[PDB]
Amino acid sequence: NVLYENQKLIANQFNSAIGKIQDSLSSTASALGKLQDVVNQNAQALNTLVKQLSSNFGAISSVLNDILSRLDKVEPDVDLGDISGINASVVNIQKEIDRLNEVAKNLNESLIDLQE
């Protein structure tokens, strides 16, 4: 009687819910991907900056020690801080992003096609 109408309702609601969860999972995956990419770029930008900063300080302290050695001849050593141990680590969540997209596609096999 009404039991059948209730079963149709549950199934429809449940299939609606899953559809929305699928969309939510795929958006989560997207958001975690864009974070992964930008976090890693920013890590690499920092690590490139560090290497080029070490290079610049190496060149500066060389020139300064020359100038001080020339002032010695005309009239103790300049040692700048080492900033090459500083490193930005990268993040690897590609496994979790894949898993989210997998479950998003897998949830199609969780839908209800009731017996007419």
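Don't overthink the numbering: it's just position in the shown sequence, from 1.
The gap between residue 75 and residue 76 holds 4 to 9 unmodelled residues of the deposited sequence. The stretch 58-66 shows the higher mean C-alpha B-factor when 58-66 is compared against 32-40 in the entry. Look at the C-alpha B-factors of 77-85 and of 23-31. On average they run higher in 77-85.
Ranked against the other modelled residues of its chain, the C-alpha B-factor of residue 90 as given in the entry falls in the lowest third. Residue 71: CA B factor in the highest third of modelled residues in this chain (values from the PDB entry).
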